[PDB]
């Protein structure tokens, strides 16, 4: 085969050129933008090939680690736009460090816990910063961050009684949840609620009454899931919808066949990465939102006893996704990104790495099969497809909270 120092790439095969966009000689804003992206991506792909010499791809761990370590303490005023999403910054950074297997010093862990305590509202839930009203998005982030830390100190910060009351205060009769008091409703709320409620063991029989049905109403003609009933299918909302249903054990409420065909169609034949919706552009964060749907669909179909499921691969091109992330989504200075030309940010660092980990690791039952493209050190720690925190963190947190009673409920 090949010497260990050269590793052929799917994106560099001569037939790959055939995958470029065919605009049928009818140009529109959509095709023009797609072609511009493909042109740039081809240049990037070509820079990793030296005729028959194709050096192994490398995840720049140390550079990403230094960027993350710095962000966990301080940020420039360029982050004023995320002043109402600080627990997100904690989660994105901690999860990235976790994927990279970089330990969190105890001092830092304690400081994060203290900060998240300051963001917790007396009415329950967490706000975007100290003194802000609670909101399901930063609540989801804060809970995940605390679970990544995983110490009893971190677990105990959560006021479970008030968290459950807070969830009730957002529950709508049609099964949906408001994102916050007097706020908007979309599938993100259902996932945020289901995620924190299951992890902290505060689920009551009525809490999610009607939620599974409302989520199913969000699945549209495309097969994917929109933000609300009637809306266009999007990877972000589809991930939220399916993951929520998996927590509620109600995946069957969806047409899994049309969902499966829709998500697999979102992988870009040329770029290798995923787009968020049909006819839009590739973006590294969808490596998680879209690709993450495959492990969820696998689990769902397996539960139904599907005899045709693979025992070694997810139903997407694992290698191509790794190629897109490694070759096109790394900032030479550390951090990951949407696509070449964009600037790094913690959100893309979190999701590009989360997606890379899913693409590298397949597991179903006792079956485990890894596909780590590039140097062996590229292998990331696994991530749980529902919660997007380490599977070990999920087990440890759920085990801990299962020892506590559901607040005021028997």
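Residue numbers count along the first chain shown, from 1.
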Revision key, fill the gap. Of 120-128 vs 258-266, the stretch with the larger average CA B-factor in the entry is 120-128
Check your understanding: For the C-alpha atoms alone, is the average B factor greater in 372-380 or in 351-359, going by the entry?
Key -> 372-380
Point to revise | Residue, from 323, 251, 338, 213, that the PDB entry assigns the highest Cα B-factor | key: 251
Check your understanding: In terms of the CA temperature factor given in the entry, to which third of its chain does residue 175 belong: lowest, middle or highest?
Key -> middle
Point to revise | Third of chain Cα B-factors occupied by residue 73 | key: highest
Check your understanding: Within this chain, which third does the Cα B-factor at residue 271 fall in: lowest, middle or highest?
Key -> lowest
Point to revise | Modelled-residue ranking by C-alpha temperature factor, third containing residue 217 | key: middle
**Study point:** CA B-factor ranking of residue 400, expressed as a third of its chain
**Key:** highest
